[PDB]
Amino acid sequence: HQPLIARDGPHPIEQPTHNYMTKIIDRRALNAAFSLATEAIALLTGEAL
Amino acid sequence: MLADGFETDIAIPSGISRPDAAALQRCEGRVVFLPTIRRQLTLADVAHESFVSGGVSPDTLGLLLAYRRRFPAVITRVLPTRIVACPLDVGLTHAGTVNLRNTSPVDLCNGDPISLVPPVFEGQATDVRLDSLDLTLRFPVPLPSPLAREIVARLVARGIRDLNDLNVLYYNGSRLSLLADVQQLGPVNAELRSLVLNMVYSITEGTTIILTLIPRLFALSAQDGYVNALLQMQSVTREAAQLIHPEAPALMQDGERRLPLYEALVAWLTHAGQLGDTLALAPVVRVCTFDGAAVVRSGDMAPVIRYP
Amino acid sequence: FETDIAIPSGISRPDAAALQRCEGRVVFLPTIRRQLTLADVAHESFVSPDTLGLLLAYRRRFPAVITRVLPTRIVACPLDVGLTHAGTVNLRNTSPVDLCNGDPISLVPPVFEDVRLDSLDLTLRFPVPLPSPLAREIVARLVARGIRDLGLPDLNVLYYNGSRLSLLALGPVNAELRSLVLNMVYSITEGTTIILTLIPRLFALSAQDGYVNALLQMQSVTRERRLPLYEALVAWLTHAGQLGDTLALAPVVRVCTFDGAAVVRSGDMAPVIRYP
Amino acid sequence: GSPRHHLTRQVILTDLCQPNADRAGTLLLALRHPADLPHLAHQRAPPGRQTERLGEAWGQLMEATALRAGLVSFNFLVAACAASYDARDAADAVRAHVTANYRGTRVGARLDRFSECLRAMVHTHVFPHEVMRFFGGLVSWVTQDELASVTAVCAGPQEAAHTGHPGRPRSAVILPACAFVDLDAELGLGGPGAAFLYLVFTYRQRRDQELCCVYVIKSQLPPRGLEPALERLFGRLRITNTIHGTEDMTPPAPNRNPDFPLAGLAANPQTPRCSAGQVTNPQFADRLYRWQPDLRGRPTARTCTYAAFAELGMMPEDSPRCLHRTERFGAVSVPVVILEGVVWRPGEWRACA
């Protein structure tokens, strides 16, 4: 809203107003790599063949 | 209410895009030419589409002559379904105060009568075009009256040239120029007739006495700094005094009972003093700022109460 | 709506009596405002201007008629925004002219004949509410006098409402009205030569024979070194278009009498409306 | 909601207007005080017309009503100018109840006299659009011997003012069908819109063959743009005034003025000139060019007027409604145009020179 101060005498200017503001989302992304060698996956999995 | 105000309803159609719908809401205090005093009209009537003559879209001088055949109205609130205006010839509002908006590059002051002028200036030809409806809205420019008598004089005197520069104005030391374009021969001849009629009708038998004062003005211009600042550097009566020595006829027919100068001045006021209303339209409107500021800047609103 | 013109303190005994007499009289304010000092009203605010300077100033300013006068403030209502709301505001003659019913009344600067407050150090000039068909006469007679100084005894005789006016009654008003005379003559002598350069034949034609047949062509619709002529057109249309406003004397006031006499004499009050 | 209007009262002699015969809802036109008439004729007349005619024509009217800024009702004014309208079948019907309903002896001797006054007005050149002033339309009256108390609306809507009789309190604007000239039908404007009402006089300036017509014109045009519409109707009167309105003014025979030589004098540098101090000295002003313009007997603008209009009011409807009925004024049936809902606004006159 646009705020109001009242004035005396004859009424020169206003009718009460609104403002509809719209703003555009800017999208981004974040990356983080992570590696595991085959020497460790055989420990995380379980039994062998 | 019926007497004090008169609200028209310029209807807005169904199919309007929002790039077009958000342009009308910036057109809050404008000047709109209704052809009638109907209470329900459409945008195809207001716009420049209805302004065209038979096939010929007229230039800035013929744009004058179809203003004064119409009714100036001021937008008071833009609703989504309609535009509400108030024609100035009927009445303003109950309170009698309608806010306008400067489109001029020129400030306003208190008590200046407003006449409206076409978008004549350069950097000023701003036509709100609605693409979904193919509508342009050529909004006129509210100017002070001593500008509006210059510009009409600059446009009418320019067409008298081309029947056989000028376009540079100055107001309060700010340079501004108006656009130059070839003029349609039709409306120019409608302006020349309104000159010469109101010009020849201001000539009376008593004016041959006033013409004998031309050597009195010129001999006075060497003493008074008011008359030297009056005549002009490029006037005619300065060159009429250096070459022609006029003198009056001695007697008048029935010269006892009639007043020769009194009939000459009244005929001058009703025909040549009236001339500024016969070329342009009437200054209905003047500015009465109440408490804000005595000078209204460009792009700002200004309260308005009617003038005779 | 009513404005308040507050009197500054320091009022002597005759000075409160002089402001008590101006009950129904016209006052020019600069801008419509509730708080307003008396010094913006008075003749000090106009600087001394001549008759042309008053005619310019009486169009930029906004007229107001005084209501009841309080001992502390002057309560006045303006003729533009405050009179369409209320019904009828009384107005007093300062004129020698009797007002009739139904006249449109403009205002004239005080040419004919000054309430001065001595303690406050200011004067007060008040306009003359005479009807508009006389306003285009009384100005036009006096401008026609000043041209003769660069007369005729009927020029000073005005009959309105069966009453004789004498404009003569001469010295200082001649020097007071000088800038009108220098602008009225010039705008005609420039006017009747530019016509006479564009169409140079207009005096050489025979009066009732050739000039009429050349006049009927001007009236009909169906017929369609260098002199600085076309720069003098613009020079004349802005000056003659300026004197068209100032010497219009467009009417503010229309008198509609109700339960009273049809003729309002000098010194009496007249009821006033400006709206249907 | 009740609209706002303004009443006037005035004690009026009933010589020229009759609020009893003319019922509630007719126009009223006020005059100047007639002591001003024989002097304005002495001053504003063109050279060579009888200034001693207006003072005699009005003197024959006051000596005809005995067998003071008064009032002339519209129905009295139409029947006085009744010998100049097109619809003469109805113009002799308006006169038919003027002589038969108005209180007095030989009312038919006033109409032939008051029209002789109006012919003396055009001839002695005090035009009655400078004399006839608008006064409001009738709402009620109070009768008395030789005078009446007239109540009227100087400004406002006609249908708001209360009449006084609670049987029929309202009043519509009543006009005879001889003066009411449309410009919607005759031009082809059939579209809706608010319409303006105008009072229009017309003259015709000849030697002892002069006329008068009073019209009430309803139009959708502004007062700034009426002059092209009055010219189209009354252009016949415009032509007859420019050639016959200038008579007994003595012309210069033959011409004495040569052509105006400033375009030829200023081009040649050999032409003798003068300085600012050299002019207005006879030794140096006789060396210049002598130029004696003769404006005598020219058809000036005020001697070429054919009409004069003014604002009168409006109808703020979308489609303004007129009627054409034949009301009975006593025993005479008269074609009457009835206007519905007129909002009064006076205005200043404007000559069509």
# chains A, B, ... in the order shown; residues from 1 in each chain; ligands from 1
$ select_by_dssp --residues "stretch 38-273 of chain C" --states "strand (DSSP E)" --output "ChimeraX atom specification"
/C:62-69,73-78,89-92,99-100,104-105,157-160,163-166,253-254,263-264,269-272
$ write_last_selection --atoms "N, CA, C and O atoms" --output "short mmCIF file (atom, residue, chain, number, x, y, z; two decimals), in the first residue's frame"
data_model
loop_
_atom_site.label_atom_id
_atom_site.label_comp_id
_atom_site.auth_asym_id
_atom_site.auth_seq_id
_atom_site.Cartn_x
_atom_site.Cartn_y
_atom_site.Cartn_z
N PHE C 62 -8.01 34.98 -7.62
CA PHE C 62 -9.30 34.31 -7.49
C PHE C 62 -10.21 35.15 -6.60
O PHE C 62 -9.90 35.34 -5.41
N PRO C 63 -11.31 35.68 -7.12
CA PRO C 63 -12.12 36.63 -6.35
C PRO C 63 -12.90 35.95 -5.24
O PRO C 63 -13.28 34.79 -5.34
N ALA C 64 -13.15 36.72 -4.18
CA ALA C 64 -13.89 36.23 -3.03
C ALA C 64 -14.71 37.37 -2.46
O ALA C 64 -14.24 38.51 -2.40
N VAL C 65 -15.93 37.06 -2.04
CA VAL C 65 -16.84 38.05 -1.47
C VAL C 65 -16.86 37.85 0.03
O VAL C 65 -16.97 36.72 0.51
N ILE C 66 -16.74 38.95 0.78
CA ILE C 66 -16.70 38.86 2.24
C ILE C 66 -18.09 38.49 2.77
O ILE C 66 -19.11 38.98 2.28
N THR C 67 -18.11 37.58 3.73
CA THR C 67 -19.28 37.27 4.55
C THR C 67 -19.26 38.16 5.79
O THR C 67 -18.82 39.31 5.71
N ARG C 68 -19.87 37.69 6.88
CA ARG C 68 -19.74 38.36 8.18
C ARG C 68 -18.27 38.56 8.56
O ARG C 68 -17.39 37.77 8.20
N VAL C 69 -18.01 39.65 9.28
CA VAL C 69 -16.66 40.05 9.65
C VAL C 69 -16.52 39.89 11.15
O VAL C 69 -17.19 40.59 11.92
N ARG C 73 -10.86 37.71 12.64
CA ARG C 73 -10.58 37.26 11.28
C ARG C 73 -11.67 37.72 10.34
O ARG C 73 -12.81 37.96 10.74
N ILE C 74 -11.31 37.84 9.06
CA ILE C 74 -12.27 38.10 8.00
C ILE C 74 -12.63 36.77 7.36
O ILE C 74 -11.74 36.04 6.90
N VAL C 75 -13.91 36.45 7.34
CA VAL C 75 -14.40 35.20 6.75
C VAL C 75 -14.94 35.53 5.36
O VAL C 75 -15.94 36.23 5.23
N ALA C 76 -14.28 35.01 4.33
CA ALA C 76 -14.69 35.23 2.96
C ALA C 76 -14.83 33.89 2.25
O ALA C 76 -14.15 32.92 2.60
N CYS C 77 -15.72 33.84 1.26
CA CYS C 77 -15.90 32.66 0.45
C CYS C 77 -15.54 32.97 -1.00
O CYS C 77 -15.91 34.03 -1.51
N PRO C 78 -14.79 32.10 -1.67
CA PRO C 78 -14.40 32.38 -3.05
C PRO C 78 -15.55 32.13 -4.02
O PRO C 78 -16.47 31.36 -3.75
N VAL C 89 -24.85 34.42 -1.86
CA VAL C 89 -23.98 35.29 -1.09
C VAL C 89 -24.30 36.73 -1.46
O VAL C 89 -24.36 37.07 -2.64
N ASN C 90 -24.52 37.57 -0.45
CA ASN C 90 -24.87 38.96 -0.70
C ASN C 90 -23.66 39.74 -1.21
O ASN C 90 -22.52 39.44 -0.87
N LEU C 91 -23.92 40.74 -2.05
CA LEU C 91 -22.89 41.54 -2.69
C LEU C 91 -23.32 43.00 -2.68
O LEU C 91 -24.45 43.31 -3.06
N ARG C 92 -22.41 43.89 -2.27
CA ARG C 92 -22.74 45.30 -2.11
C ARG C 92 -22.24 46.09 -3.32
O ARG C 92 -21.15 45.84 -3.83
N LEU C 99 -27.96 48.08 -10.23
CA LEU C 99 -28.04 46.73 -10.77
C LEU C 99 -29.50 46.37 -11.03
O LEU C 99 -30.36 46.63 -10.19
N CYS C 100 -29.75 45.77 -12.18
CA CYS C 100 -31.06 45.19 -12.46
C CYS C 100 -31.02 43.68 -12.24
O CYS C 100 -29.96 43.07 -12.09
N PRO C 104 -25.60 39.84 -15.96
CA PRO C 104 -24.29 39.25 -15.69
C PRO C 104 -23.30 40.34 -15.28
O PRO C 104 -23.19 41.38 -15.95
N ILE C 105 -22.62 40.13 -14.17
CA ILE C 105 -21.79 41.17 -13.56
C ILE C 105 -20.33 40.75 -13.62
O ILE C 105 -19.95 39.74 -13.03
N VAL C 157 -21.18 60.56 -21.54
CA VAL C 157 -22.57 60.46 -21.11
C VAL C 157 -23.03 59.03 -21.32
O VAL C 157 -22.98 58.50 -22.43
N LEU C 158 -23.46 58.39 -20.23
CA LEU C 158 -23.88 56.99 -20.24
C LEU C 158 -25.25 56.91 -19.61
O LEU C 158 -25.43 57.32 -18.46
N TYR C 159 -26.21 56.38 -20.34
CA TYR C 159 -27.55 56.19 -19.82
C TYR C 159 -27.77 54.71 -19.59
O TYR C 159 -27.76 53.92 -20.54
N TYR C 160 -27.95 54.34 -18.33
CA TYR C 160 -28.31 52.99 -17.94
C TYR C 160 -29.37 53.10 -16.86
O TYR C 160 -29.21 53.89 -15.92
N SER C 163 -30.70 56.38 -15.77
CA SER C 163 -29.85 57.20 -14.93
C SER C 163 -28.65 57.67 -15.74
O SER C 163 -28.10 56.92 -16.55
N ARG C 164 -28.25 58.91 -15.52
CA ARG C 164 -27.15 59.52 -16.26
C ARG C 164 -25.85 59.29 -15.52
O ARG C 164 -25.75 59.55 -14.32
N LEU C 165 -24.85 58.79 -16.24
CA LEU C 165 -23.50 58.69 -15.72
C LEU C 165 -22.63 59.74 -16.39
O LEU C 165 -22.79 60.03 -17.57
N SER C 166 -21.71 60.31 -15.62
CA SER C 166 -20.77 61.28 -16.14
C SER C 166 -19.37 60.74 -15.89
O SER C 166 -18.89 60.75 -14.75
N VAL C 253 -20.56 37.05 -12.08
CA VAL C 253 -21.68 37.15 -11.16
C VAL C 253 -22.98 37.34 -11.92
O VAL C 253 -23.06 38.18 -12.82
N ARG C 254 -24.01 36.58 -11.55
CA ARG C 254 -25.37 36.79 -12.05
C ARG C 254 -26.31 36.98 -10.87
O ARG C 254 -26.34 36.14 -9.96
N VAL C 263 -34.72 46.33 -8.67
CA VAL C 263 -33.57 47.19 -8.93
C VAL C 263 -32.81 47.36 -7.63
O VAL C 263 -33.38 47.80 -6.63
N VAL C 264 -31.54 47.00 -7.64
CA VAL C 264 -30.67 47.16 -6.49
C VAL C 264 -29.90 48.46 -6.68
O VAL C 264 -29.11 48.59 -7.63
N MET C 269 -27.39 45.97 -1.01
CA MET C 269 -26.84 44.64 -1.26
C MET C 269 -27.70 43.91 -2.29
O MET C 269 -28.91 44.14 -2.38
N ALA C 270 -27.06 43.03 -3.06
CA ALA C 270 -27.78 42.25 -4.04
C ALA C 270 -27.48 40.77 -3.88
O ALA C 270 -26.32 40.39 -3.69
N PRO C 271 -28.50 39.91 -3.95
CA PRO C 271 -28.25 38.47 -3.90
C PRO C 271 -27.61 37.98 -5.18
O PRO C 271 -27.87 38.49 -6.27
N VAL C 272 -26.73 36.98 -5.05
CA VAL C 272 -25.86 36.54 -6.13
C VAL C 272 -25.83 35.02 -6.17
O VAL C 272 -25.67 34.37 -5.13
#
$ interface_residues --of "chain C" --to "chain A" --cutoff "9 Å" --atoms "only C-alpha atoms" --output "mmCIF file with N, CA, C and O atoms, in the first residue's frame"
data_model
loop_
_atom_site.group_PDB
_atom_site.id
_atom_site.type_symbol
_atom_site.label_atom_id
_atom_site.label_comp_id
_atom_site.auth_asym_id
_atom_site.auth_seq_id
_atom_site.Cartn_x
_atom_site.Cartn_y
_atom_site.Cartn_z
ATOM 1 N N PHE C 1 -17.918 26.149 1.645
ATOM 2 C CA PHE C 1 -16.523 26.402 1.982
ATOM 3 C C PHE C 1 -16.252 27.882 2.206
ATOM 4 O O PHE C 1 -16.697 28.724 1.428
ATOM 5 N N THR C 3 -13.088 30.734 3.544
ATOM 6 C CA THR C 3 -11.719 31.037 3.930
ATOM 7 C C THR C 3 -11.697 31.994 5.115
ATOM 8 O O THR C 3 -12.686 32.654 5.435
ATOM 9 N N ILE C 32 -6.495 29.456 -2.951
ATOM 10 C CA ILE C 32 -7.515 29.035 -2.000
ATOM 11 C C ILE C 32 -6.836 28.265 -0.880
ATOM 12 O O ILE C 32 -6.152 27.265 -1.124
ATOM 13 N N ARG C 33 -7.024 28.731 0.351
ATOM 14 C CA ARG C 33 -6.279 28.238 1.497
ATOM 15 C C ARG C 33 -7.042 28.639 2.751
ATOM 16 O O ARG C 33 -7.704 29.677 2.765
ATOM 17 N N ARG C 34 -6.963 27.812 3.792
ATOM 18 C CA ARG C 34 -7.657 28.137 5.034
ATOM 19 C C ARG C 34 -6.975 29.292 5.755
ATOM 20 O O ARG C 34 -7.560 30.367 5.930
#
$ residues_around --residues "stretch 67-74 of chain B" --least-positions-apart "4" --cutoff "9 Å" --atoms "only C-alpha atoms" --output "MDAnalysis selection string"
(chainID B and resid 8 28:37 62:63 84:89 98:100 280:282) or (chainID D and resid 221:222 224:225)
$ select_by_dssp --residues "stretch 103-204 of chain D" --states "alpha helix (DSSP H)" --output "ChimeraX atom specification"
/D:108-123
$ write_last_selection --atoms "C-alpha atoms" --output "PDB file, in the first residue's frame"
ATOM      1  CA  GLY D 108     -54.418  43.654 -31.866  1.00  0.00           C
ATOM      2  CA  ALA D 109     -53.262  47.280 -31.922  1.00  0.00           C
ATOM      3  CA  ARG D 110     -50.241  46.413 -29.765  1.00  0.00           C
ATOM      4  CA  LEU D 111     -48.868  43.659 -32.011  1.00  0.00           C
ATOM      5  CA  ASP D 112     -48.841  45.915 -35.059  1.00  0.00           C
ATOM      6  CA  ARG D 113     -47.194  48.542 -32.844  1.00  0.00           C
ATOM      7  CA  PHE D 114     -44.650  46.414 -30.971  1.00  0.00           C
ATOM      8  CA  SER D 115     -43.510  44.945 -34.283  1.00  0.00           C
ATOM      9  CA  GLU D 116     -43.147  48.526 -35.489  1.00  0.00           C
ATOM     10  CA  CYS D 117     -40.942  49.022 -32.439  1.00  0.00           C
ATOM     11  CA  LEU D 118     -38.802  46.019 -33.411  1.00  0.00           C
ATOM     12  CA  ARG D 119     -38.518  47.362 -36.960  1.00  0.00           C
ATOM     13  CA  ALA D 120     -37.405  50.636 -35.455  1.00  0.00           C
ATOM     14  CA  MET D 121     -34.843  48.711 -33.384  1.00  0.00           C
ATOM     15  CA  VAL D 122     -33.100  47.189 -36.425  1.00  0.00           C
ATOM     16  CA  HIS D 123     -33.345  50.455 -38.366  1.00  0.00           C
TER      17      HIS D 123
END
$ closest_atom_pairs --of "chain B" --to "chain D" --cutoff "6 Å" --atoms "only C-alpha atoms" --output "JSON lines"
{"residue": "B:36", "atom": "CA", "partner": "D:193", "partner_atom": "CA", "distance": 5.5}
{"residue": "B:37", "atom": "CA", "partner": "D:193", "partner_atom": "CA", "distance": 4.9}
{"residue": "B:38", "atom": "CA", "partner": "D:193", "partner_atom": "CA", "distance": 4.9}
{"residue": "B:201", "atom": "CA", "partner": "D:301", "partner_atom": "CA", "distance": 5.2}
{"residue": "B:205", "atom": "CA", "partner": "D:295", "partner_atom": "CA", "distance": 5.0}
{"residue": "B:219", "atom": "CA", "partner": "D:276", "partner_atom": "CA", "distance": 5.0}
{"residue": "B:242", "atom": "CA", "partner": "D:273", "partner_atom": "CA", "distance": 5.3}
{"residue": "B:243", "atom": "CA", "partner": "D:273", "partner_atom": "CA", "distance": 5.7}
{"residue": "B:244", "atom": "CA", "partner": "D:289", "partner_atom": "CA", "distance": 5.0}
{"residue": "B:245", "atom": "CA", "partner": "D:290", "partner_atom": "CA", "distance": 5.4}
{"residue": "B:246", "atom": "CA", "partner": "D:291", "partner_atom": "CA", "distance": 4.9}
{"residue": "B:247", "atom": "CA", "partner": "D:292", "partner_atom": "CA", "distance": 5.6}
{"residue": "B:253", "atom": "CA", "partner": "D:47", "partner_atom": "CA", "distance": 5.8}
{"residue": "B:254", "atom": "CA", "partner": "D:47", "partner_atom": "CA", "distance": 5.3}
{"residue": "B:257", "atom": "CA", "partner": "D:43", "partner_atom": "CA", "distance": 5.9}
{"residue": "B:258", "atom": "CA", "partner": "D:43", "partner_atom": "CA", "distance": 5.2}
$ residues_around --residues "residue A:19" --least-positions-apart "5" --cutoff "12 Å" --atoms "only C-alpha atoms" --output "MDAnalysis selection string"
chainID A and resid 1:3
$ write_last_selection --atoms "C-alpha atoms" --output "short mmCIF file (atom, residue, chain, number, x, y, z; two decimals), in the first residue's frame"
data_model
loop_
_atom_site.label_atom_id
_atom_site.label_comp_id
_atom_site.auth_asym_id
_atom_site.auth_seq_id
_atom_site.Cartn_x
_atom_site.Cartn_y
_atom_site.Cartn_z
CA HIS A 1 0.00 0.00 0.00
CA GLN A 2 1.00 3.61 -0.38
CA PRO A 3 0.61 5.35 3.00
#
$ residues_around --residues "residue A:4" --least-positions-apart "3" --cutoff "10 Å" --atoms "only C-alpha atoms" --output "compact mmCIF listing (two decimals) with N, CA, C and O atoms, in the first residue's frame"
# COMPACT_ATOMS: atom_id res chain seq x y z
N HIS A 1 0.84 -1.19 0.00
CA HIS A 1 0.00 0.00 0.00
C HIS A 1 0.87 1.24 0.00
O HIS A 1 2.02 1.22 0.44
N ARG A 7 -4.69 15.97 4.66
CA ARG A 7 -4.43 17.40 4.58
C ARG A 7 -5.73 18.17 4.78
O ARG A 7 -6.82 17.64 4.57
N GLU A 14 -5.91 13.05 -3.89
CA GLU A 14 -5.58 11.62 -4.00
C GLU A 14 -6.84 10.75 -4.04
O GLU A 14 -7.93 11.19 -3.64
N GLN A 15 -6.70 9.54 -4.56
CA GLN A 15 -7.50 8.38 -4.22
C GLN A 15 -6.53 7.32 -3.73
O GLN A 15 -5.39 7.25 -4.21
N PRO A 16 -6.91 6.51 -2.73
CA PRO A 16 -5.99 5.51 -2.17
C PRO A 16 -5.56 4.46 -3.20
O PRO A 16 -6.33 4.09 -4.08
N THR A 17 -4.31 4.01 -3.09
CA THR A 17 -3.69 3.22 -4.15
C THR A 17 -3.16 1.90 -3.61
O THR A 17 -2.96 1.72 -2.41
